[PDB]
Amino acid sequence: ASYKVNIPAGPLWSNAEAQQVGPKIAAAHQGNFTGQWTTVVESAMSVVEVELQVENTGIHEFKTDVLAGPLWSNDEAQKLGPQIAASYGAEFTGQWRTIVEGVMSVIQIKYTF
């Protein structure tokens, strides 16, 4: 199954640029650009409508760390990791670390494509 969300694209100056760039942003998020887009902050930010899969499948994988917000402990990270990872369209591997005490932590996620 799939669904749609708007994803930031930075400023998009024309429909011509949007139709060229939208598919690139979508591909980076394992989705497909629908053709619809909106400037949300004049000369500063636009978003593109991207169709995403509830579950990404494929035979390749890539692992990396992304922001997780500040996490209190490993036990909380194990509890919240899966959902935070799902917000990136990926899975949580269980690995994580705080990078700035009281401010920010990161989790390792796994992309399948």
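Residues carry their position along the shown sequence, with the first being 1.
The question of which stretch, 30 to 38 or 84 to 92, has the higher mean Cα B factor is settled in favour of 30 to 38. For residue 16, the recorded CA B-factor ranks within the highest third of the chain. Only modelled residues enter the ranking. The entry lists a Cα temperature factor for residue 76 that places it in the middle third of the chain's modelled residues. When the modelled residues of the chain are ordered by C-alpha B-factor, residue 100 sits in the highest third. Ranked within its chain, residue 54 lands in the highest third, by CA B factor from the PDB record. In the deposited entry, the Cα temperature factor of residue 109 sits in the bottom third of values across the chain's modelled residues.
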